Number of protein chains: 2
Amino acid sequence: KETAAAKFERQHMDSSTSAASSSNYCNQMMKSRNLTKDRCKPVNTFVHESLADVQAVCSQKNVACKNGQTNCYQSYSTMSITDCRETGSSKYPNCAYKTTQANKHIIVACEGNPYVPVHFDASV
Amino acid sequence: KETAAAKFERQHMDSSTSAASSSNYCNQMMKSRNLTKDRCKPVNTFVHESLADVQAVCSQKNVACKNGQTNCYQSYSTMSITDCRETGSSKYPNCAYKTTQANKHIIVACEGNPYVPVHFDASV
């Protein structure tokens with residue numbers, strides 16, 4: 001099995017680009033990050049900052065997660081992100097996504113030692 | 001009981017201001033909208049656009065909701081919003097919130113006839 005930290009990296013980290021390069025970014029990334037195997041993951045956000053900057057969020061603003069848990073953190077600064085969401089033309093195994101680029105604060109849940117992101121909660 | 005549409009209005013609509021007026025906006029609004037009765041609602045977003053403009057989102061971009069349901073819609077345009085999230089100093093019945101103002105697309109789930117928003121899913 002994948003560690004929670006490694007799963008967050010696979011699902012949510014893209015430090016190789018400063019932003020989504022095309023409208024096809026999500027189609028390409030949801031597939032290559034293995035989020036279209038066995039099902040179309042409906043919603044997923046990629047963060048275009050260094051892994052260091054995203055891990056650093058775990059020592060930034062402590063906020064409640066949507067589910068009421070207390071181990072969520074909001075980035076002090078805004079970050080380049082891409083939201084990927086399934087569109088009406090999407091049907092497994094032909095998954096289809098809308099790519100929306102934005103600059104927002106990210107909110108992540110953190111766990112472990114080292115204390116690192118394990119869930120992407122929301123962006124603001 | 002409250003209708004789903006009326007609950008969305010109470011939880012998510014603030015057409016009376018163009019944006020959050022102070023850092024205390026969420027403390028005031030979470031209380032006056034009855035979201036601190038019986039418990040501190042952990043996370044909640046207010047939309048500073050007309051009710052008409054928010055209802056109109058139900059005929060805009062059809063996208064998957066985070067939970068996989070197919071009745072979510074993303075606003076074509078960005079809207080003035082405020083995210084309210086519980087802080088570490090928060091403890092029922094003294095609920096405490098961080099106010100974060102932003103301009104983003106909203107994603108809402110829609111139901112019924114008339115087809116209107118009944119859940120705030122996310123903003124992008």
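Hydrogens, waters and symmetry mates play no part in the numbers below; they use all other heavy atoms, side chains included. Here is the naming used below: chain letters follow the sequence lines, and residue numbers restart at 1 for every chain.
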Using non-hydrogen atoms and a 4.5 Å limit, figure out which bit of [X] sits close to chain B: side chain, backbone, both or neither.
X	result
A:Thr100	both
A:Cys65	backbone
A:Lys41	neither
A:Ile107	side chain
A:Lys66	both
A:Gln101	neither

For this session: Mind ranking A:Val63, A:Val124, A:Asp83 by heavy-atom pairs under 4.5 Å with chain B and telling me who comes out on top?
Result: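 Heavy-atom pair counts peak at A:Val124.
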
For this session: Determine whether more than 12 heavy atoms belonging to other residues, nucleotides or ligands lie under 6.0 Å from atom CZ of A:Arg39.
Result: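 At most 12 heavy atoms, drawn from other residues, nucleotides or ligands, come within 6.0 Å of this atom.
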
Could you report the tightest heavy-atom contact between [X] and [Y], atom names first, then the distance?
X	Y	value
A:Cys95	A:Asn27	O-OD1, 4.1 Å
B:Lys104	A:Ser123	NZ-O, 4.2 Å
A:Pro117	A:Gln55	CD-CA, 3.9 Å

Exercise. When you check the gap from the basic side-chain N to the acidic O, do A:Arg85 and B:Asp121 get nearer than 4.0 Å?
Worked result: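 A salt bridge is present here (some side-chain N lies under 4.0 Å from a carboxylate O).
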
Exercise. Judged by atom type as modelled, is there a donor-acceptor pair below 3.5 Å linking the side chain of B:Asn62 to the main-chain atoms of B:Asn71?
Worked result: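 Checking the backbone N and O of B:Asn71 against the side chain of B:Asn62, no donor-acceptor pair under 3.5 Å is found.
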
